[PDB]
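Shown next as structure tokens: one chain only, the form deposited in one PDB entry.
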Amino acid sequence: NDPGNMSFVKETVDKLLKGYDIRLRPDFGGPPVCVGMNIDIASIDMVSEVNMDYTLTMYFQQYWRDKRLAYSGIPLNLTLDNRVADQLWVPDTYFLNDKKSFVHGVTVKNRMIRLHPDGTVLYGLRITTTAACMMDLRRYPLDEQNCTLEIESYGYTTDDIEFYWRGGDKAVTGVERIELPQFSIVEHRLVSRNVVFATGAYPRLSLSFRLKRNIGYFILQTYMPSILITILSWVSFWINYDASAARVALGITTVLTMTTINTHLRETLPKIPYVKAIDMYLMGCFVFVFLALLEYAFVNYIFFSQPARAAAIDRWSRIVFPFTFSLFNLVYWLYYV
């Protein structure tokens, strides 16, 4: 009779849990129970190309109705201590593609249960999850990635449990507040579908983001140092061919410098082994400095016999190398845009 009477509320709640069976879903043997889900994305911790995964922190909320929990006489929504969730049936929701997830537990287990007079249950969890994201890094670092989060029921088919995004397209919030230092989020989508398996159709909810990488860092730290070394290799062309020590030292040191750039960048670059766009550019620049030293090899071999022809080779090399390298840049960036 009195909502503020704590003794009466204890009697009301104990009546709900008297005879309550946690092993049975609501409306057992009848129509499936519809569970609505909405996510408040706290942050995206990291996106790892080496491990092919990303880490996500979110507020995961589930919304279903259990008529066994309906109470009367109290015109209020009962927010209960999170330890009562162990005494109730909850959906066996799991993330299909997650690798390691947990529920925060400081200072208490980050969980909330809110009851409603008609039997509706609001069930919230603060979850940090690492989900697998297979990344196509052929265009690295100019790549665009699409990482998803799959939500499914572990043991119940669509004859028992159905999923939907509560609130429509606005079910997932906090996407605009995500601050990824390396990526920029382009779009996010919410997909609801049933997936047919051996044991029957299973409810499925999908949340996906499209990530576009920021290339500003790689231009300054990776492409620019390699270009300048390639430019520096062409200095040998304008050096007089009689100076054997100067042009050989200049040619071989640029090759030495190029290898140091290549070898040390591999430590900073992702450890995943296969061909990438950045590797094609770095190897392309190494070929040019390799051919620049070979150019002087031909000139130095024929400088004594045919000075006019040796000088002619050197003069043309002052144009072919800048033109071919610029032509190589044109085709490379057009193919990677």
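Between two forms, the rigid core is defined as the largest C-alpha subset superposing within 1.5 Å. Numbering starts at 1 and runs along the sequence shown.
If you look for the form deposited in another entry, you will not find it shown, but the lines that follow are about it.
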If I align on the rigid core, exactly one of 256, 106, 186, 134 should have its C-alpha move by 2 Å or more between the shown form and the other one; which residue is that? 256
Inter-Cα distance between residue 271 and residue 43 in that other deposited form, nearer or further [3 Å or more]: farther
Under comparison with the form shown, the C-alpha atoms of residue 268 and residue 50 in that other deposited form shift by 3 angstroms or more, placing them closer
